[PDB]
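[1] Sequence plus experimental coordinates follow:
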Amino acid sequence: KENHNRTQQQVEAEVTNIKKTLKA
Amino acid sequence: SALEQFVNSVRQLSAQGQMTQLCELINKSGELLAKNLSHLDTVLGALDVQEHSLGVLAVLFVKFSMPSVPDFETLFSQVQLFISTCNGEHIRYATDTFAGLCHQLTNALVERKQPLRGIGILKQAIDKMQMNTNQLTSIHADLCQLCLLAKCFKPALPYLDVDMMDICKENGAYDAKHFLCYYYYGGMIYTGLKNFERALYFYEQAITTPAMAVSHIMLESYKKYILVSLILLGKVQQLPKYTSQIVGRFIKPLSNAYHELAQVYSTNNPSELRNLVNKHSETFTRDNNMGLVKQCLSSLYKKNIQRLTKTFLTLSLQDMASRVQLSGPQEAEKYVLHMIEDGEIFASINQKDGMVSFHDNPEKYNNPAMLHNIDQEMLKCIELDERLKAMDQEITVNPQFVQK
Amino acid sequence: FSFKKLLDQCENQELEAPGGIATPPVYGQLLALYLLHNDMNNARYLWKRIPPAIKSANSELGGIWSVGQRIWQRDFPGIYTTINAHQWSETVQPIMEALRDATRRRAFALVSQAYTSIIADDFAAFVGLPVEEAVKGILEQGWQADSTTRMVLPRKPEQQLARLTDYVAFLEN
Amino acid sequence: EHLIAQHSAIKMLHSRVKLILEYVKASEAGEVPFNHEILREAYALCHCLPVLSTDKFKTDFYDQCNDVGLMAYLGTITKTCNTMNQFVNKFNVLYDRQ
Amino acid sequence: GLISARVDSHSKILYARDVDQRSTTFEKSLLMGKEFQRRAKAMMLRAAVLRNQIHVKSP
Amino acid sequence: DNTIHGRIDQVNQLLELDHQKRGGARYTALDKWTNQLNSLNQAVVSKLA
């Protein structure tokens, strides 16, 4: 359970970072 | 003279990076490269051979004539040694001339009619060119033909039991011919070993290829699809919804004998089927699938006998060999015995009374071994879902899939 | 046991060892050993791919593809008759010494659930023994014969807790 | 959280079987007066195992196991269909040319 | 599906049969699972070919 | 006329009455679930045309 939610939160963080850098 | 600069460059450009410019200068050709290079090939292979050997051999092999003249044994030995011990991930930087070299080797072997030496060569080339084992390469269509023209079906089995989930782009090339040929030759191989359940799947994956023109590799994948579906099942299976409309417009009218054969193999009556096989004997033997058609005629009897189990609990052998038209209790005895031995029917013979007793009671699901079956079928779906999630997260983070 | 290792050894020596055509010893060994494992689909192609020069020179191989057809068109008396027809060197003698046992066990397993009452004369041809010798040896296994009519009646003879946790952890993610 | 409710009841059965075993060994080697009644009831308790290993039991037990296995199989098929739909929806956005 | 019966053509007796609900359920569920896995593999291959844009040109 | 819940046995001159009721609601539910998944899967797959 811990590994699955860490992976999900990391994917979400990567997507958020991509969204932020896309504003260029 | 000038080649000495070219040979040295690959010596110094390699083993230190600069791999982008290496493929650039390899693509600069050399205008037949002074074809007498057979001496410099061995020395250039510092460490585990090299990459420029691929560039030399690709030019050597396709001189569109006299491969390398009668240097064949030496050329074949060089190709075999190179492919066996090319090593390195560098061979994946140029999966455009590697596939070309393998294709040229396959064509030469097929022309020279020794398609058995190359089965061992295109087994390391596949193993040392794909990222993982679930990736389809253009070489998969060469092994499945080499091991089909030279009846040796078992070496290809490890490469046909993998469910492919990715297709190599090969940095250009990879026309649809390779994809169609792999899924046609695999179906032919599986049919030859009497594995019809997966032969039908392999043929279906070739018919449903996106198309806009008729190709004579999809016609002889519908003609055989009909027969394999009539052998494995009692009817022609329905092609998937996303099937290209070209199959339903020109491919279908071109195959009219086989649809007629299915029509006769829709009302259970071997008398008309036997006549139809002979009336259309020219078409069935011109397409080379004569022998896969007689299997349908032999399977009609085995289908009728199984259909007897849904109505009868005990039948007489003389009486049984009058509804399935077997013409003799003695032959019906062996027809039932063969089906019992193959696990197609559940019955028992009584030679005293001469009667066949149908059991129709295979299994009650209270076995600790059926739990193993459910466990395996659950594990396969678990792995499938994990794969789907894995190649879904790779799209969720795609920079292109944030703007749309 | 040991025959599977021999089989894969001949397969490897057929694929990579020769320059396209292998020696008649390994060719015939593979052909005869395919029949032992009941792999007629592969044996037919092995016979079809043999060059038409070993066949006309080493005729003994043509003998081996004389047992095979008998397995192909299932004919137990044909199998037993043809096995006892030819002979070769010490390469197929132990092959057709386990093939005999395999065929005789296949016949016994065949007439144990397909037939519930069979003539003793037909049973003798099935198993491959003389009728008198067959009936006397039948009675030990418990199959009840019936004399004066020769109608033998064959008679039929650790981490689960981890797996369930793995399924639960998957369903709930 | 379900396995802990079954981890606190086995821990109570174990800590009693262990005490009974210790008392039996003490009576054997000699530490307490030889009481016949206790050593007879312990024999009966030992003879009580296994608990109902009849042939009809290991058909109902396996019936239940197979029923739950099939239910689990269908649950995984449904979850895989949901993942199927999610991936297909996410795919027909990027690689759409119509 | 009009009469759920089986003919015994030795003593000429028409027996009434009863379908086993549990066995039928298990059989059809296993068959559905097999078909679903086949369709899943086919769709994954279709996704690969669509992603790579493999088709035969009219030329 | 739905008054006796049984069936006759002619060859043995019997009357077999219906008395046992196995689980008929769990297997029907499982059949409905299987049949509905068989259609949902096709509907999902056909979206990738």
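    Structure's in. What do you need? Numbering: from 1, shown residues only, chains lettered A, B, ... in the order given.
[2] Name the residue of chain B that lies nearest to chain F.
    Relative to chain F, the nearest point of chain B is residue B:242 (4.4 Å; C-beta to the nearest C-beta). Backbone N, C-alpha and C define where each C-beta goes, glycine included.
[3] do the same with chain C
    Closest point on chain C to chain F, by C-beta to the nearest C-beta, is residue C:171, at 15.2 Å.
[4] Surely that residue and residue D:79 touch.
    Yes - at 6.4 Å, residue C:171 counts as touching residue D:79 under the criterion of C-beta atoms under 8 Å.
[5] I'd assumed residue B:144 was in contact with residue B:186.
    Yes - the pair residue B:186 / residue B:144 is scored as a contact, 5.5 Å apart, by C-beta under 8 Å.
[6] residues shared between the contacts of these two?
    B:156, B:160 (C-beta atoms under 8 Å, 6 or more residues apart in numbering or on different chains).
[7] CA atoms of stretch B:237-244 as CSV?
    C-alpha atoms of stretch B:237-244 as CSV (Å, rounded to 0.1, in the frame of the first residue of the first chain):
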residue,chain,number,x,y,z
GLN,B,237,-15.9,-16.7,-36.4
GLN,B,238,-16.9,-13.0,-36.7
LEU,B,239,-14.1,-10.7,-37.5
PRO,B,240,-13.5,-7.8,-35.1
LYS,B,241,-15.4,-4.5,-35.4
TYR,B,242,-12.4,-2.5,-36.3
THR,B,243,-11.7,-4.6,-39.4
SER,B,244,-10.7,-2.6,-42.4
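[8] May I see the buried residues of that stretch?
    B:239-240, B:242-244 (16 or more other C-beta atoms under 10 Å in any protein chain shown).
[9] Using the three-state scheme, assign the closest residue to residue B:194 other than its chain neighbours.
    Leaving aside its sequence neighbours, residue B:194 sits nearest to residue C:41 (C-beta to C-beta, 6 or more residues apart in numbering or on different chains; 5.8 Å). Of the three states, residue C:41 takes helix according to DSSP: H, G, I helix; E, B strand; the rest coil.
[10] what about residue C:41, distance to residue D:75?
    40 Å (C-beta to C-beta, to the nearest Å).
[11] same thing with residue E:25?
    15 Å.
[12] Of these two, give the one with the bigger neighbour count.
    Between residue E:25 and residue D:75, residue E:25 has the larger neighbour count (other C-beta atoms under 10 Å in any protein chain shown), namely 21 against 16.
[13] and the helix or strand where that one lies, anywhere near chain C?
    Assigned by DSSP states H and E, residue E:25 falls within helix E:21-52. No - using C-beta under 8 Å from any C-beta of the partner chain, helix E:21-52 stays clear of chain C, with a minimum separation of 15.0 Å.
[14] just checking, what packs against that helix?
    strand B:166-167, helix B:196-207, helix B:370-396, helix D:57-94, helix F:26-45 (3 or more C-beta pairs under 8 Å, 6 or more residues apart in numbering or on different chains; DSSP states H and E).
[15] Now distance to residue C:64 too, for these, in a markdown table please.
    Output for the helices and strands packed on helix E:21-52, formatted as a markdown table (distance: least, C-beta to C-beta, whole Å):
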| stretch | distance to residue C:64 |
| --- | --- |
| strand B:166-167 | 44 |
| helix B:196-207 | 29 |
| helix B:370-396 | 39 |
| helix D:57-94 | 47 |
| helix F:26-45 | 50 |
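[16] Ramachandran coordinates for residue 21?
    With no chain named, the answer covers chain A. Per-residue torsions, residue A:21: phi -70, psi -20 (degrees, to the nearest 10).
[17] The intended chain is chain D.
    Per degrees, to the nearest 10, the backbone of residue D:21 is at phi -60, psi -40.
[18] Can you tell me how far it is from residue D:33?
    With C-beta to C-beta as the criterion, residue D:21 and residue D:33 are 18 Å apart.
[19] ok, those two, which is more surrounded?
    Taking neighbours as other C-beta under 10 Å, residue D:21 and residue D:33 compare with residue D:21 leading, 11 against 6.
[20] and residue B:128, what does it touch?
    Per C-beta under 8 Å, 6+ apart, neighbours of residue B:128: B:83, B:86-87, B:91.
[21] residue contacts, the residue nearest in space to the middle of chain F?
    Geometric centre of chain F, nearest residue: residue F:28, 5.8 Å, by C-alpha atoms, centre = their mean. Residues near residue F:28 by C-beta under 8 Å, 6+ apart: residue E:21.
[22] how far away is it from residue B:365?
    17 Å.
[23] wait, doesn't residue E:29 sit right on residue D:71?
    No - the criterion here is C-beta under 8 Å, and residue E:29 misses it with residue D:71 at 9.6 Å.
[24] Would you mind listing the residues touching both of those two?
    Joint contacts of residue E:29 and residue D:71 (C-beta under 8 Å, 6+ apart) are residue F:30.
[25] Show me what counts as buried in stretch B:185-197.
    In stretch B:185-197, counting by 16+ other C-beta under 10 Å, buried: B:185-193, B:195-196.
[26] Could I have the CA atoms of it written out in PDB?
    Provided in PDB are the C-alpha atoms of stretch B:185-197 (Å, rounded to 0.1, in the frame of the first residue of the first chain):
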ATOM      1  CA  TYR B 185       3.700 -17.300 -41.300                       C
ATOM      2  CA  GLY B 186       3.100 -17.800 -37.600                       C
ATOM      3  CA  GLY B 187      -0.500 -18.800 -38.400                       C
ATOM      4  CA  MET B 188       0.800 -21.300 -41.000                       C
ATOM      5  CA  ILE B 189       3.300 -22.700 -38.500                       C
ATOM      6  CA  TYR B 190       0.700 -23.100 -35.800                       C
ATOM      7  CA  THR B 191      -1.700 -24.800 -38.300                       C
ATOM      8  CA  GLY B 192       1.100 -27.200 -39.300                       C
ATOM      9  CA  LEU B 193       1.500 -28.300 -35.700                       C
ATOM     10  CA  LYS B 194      -2.200 -28.600 -35.300                       C
ATOM     11  CA  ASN B 195      -2.600 -25.700 -32.800                       C
ATOM     12  CA  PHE B 196      -5.700 -24.200 -34.300                       C
ATOM     13  CA  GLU B 197      -6.800 -22.000 -31.400                       C
END
